[PDB]
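A single chain, nothing else alongside it, follows as structure tokens in the form solved without isatoic anhydride.
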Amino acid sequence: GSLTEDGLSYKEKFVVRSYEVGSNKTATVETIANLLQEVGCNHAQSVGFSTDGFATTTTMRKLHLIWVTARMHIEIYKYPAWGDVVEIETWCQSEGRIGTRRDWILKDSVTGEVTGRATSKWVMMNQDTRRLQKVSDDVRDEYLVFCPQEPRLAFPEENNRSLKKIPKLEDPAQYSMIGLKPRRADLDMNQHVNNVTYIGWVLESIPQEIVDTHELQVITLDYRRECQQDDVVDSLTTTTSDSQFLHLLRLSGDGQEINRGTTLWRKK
């Protein structure tokens, strides 16, 4: 991978691996989410930011400030097959004092056609107290020189799925997967649960029949709270409809919300 000619975006090619594909011989949504995260890390490295998953500046380091994901939105038109090359282009944009946005475009390296797109909203917080805060001028000046100044949106449409409000699932849930625990493979270098594990946990309550007859087209996921290594999760799903589902991840004990989301599936 490498930054583009203007240094305002980053590109990388990936060949789909044997263990990365599902029961349809194509990449799973978790493999896709992992590749977006890898190209995002490589973009942060290429311009001097931290690489621990927090894209930290020298100013953020002294103040114990980290970038955290608040929302992830992924739309896939074609899942690459095993052995295929997928090219991902990624860039960042400042959203004033609200936070930052990372966008992605996925293409077939052979045909050049757009096979998917993603958007994510990041927010600034203290790593110790977990308190959210607005982006100050001193930290904006450090990352704005790596962002295009004119808006460049992966989801430009007025009233698109990426900015829709998500409701809280009502009990009883139609479907559920109870007792989900992270293992060491689910943790990052900082011993925190990887953001991709939550996507897998959300999809665990979708019945196998839906997975077998449909393909996942859109997934929107809000991140409310982190799941600790010793926490236990319950995954809840309800059909709201193409098939649409409303999702909720909550702690197995107290029922504390960690994530909420929506999925859209198409018939094969």
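A residue's number is simply how far along the shown sequence it sits, counting from 1.
The same protein also has a form solved in complex with isatoic anhydride, omitted here; what follows describes it.
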When the contact criterion is heavy atoms within 4.5 Å, does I199 count as touching isatoic anhydride in the entry with it bound?
yes
If you check in the entry with it bound, is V233 within 4.5 Å of isatoic anhydride, heavy atoms only?
no
May I ask you to check whether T237 falls inside a 4.5 Å heavy atom distance of isatoic anhydride in the entry with it bound?
no
Should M72 be classed as touching isatoic anhydride in the entry with it bound when contacts are defined as heavy atoms within 4.5 Å?
yes
Residues of 94-112 having any heavy atom within 4.5 Å of isatoic anhydride in the entry with it bound, listed in sequence order:
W104
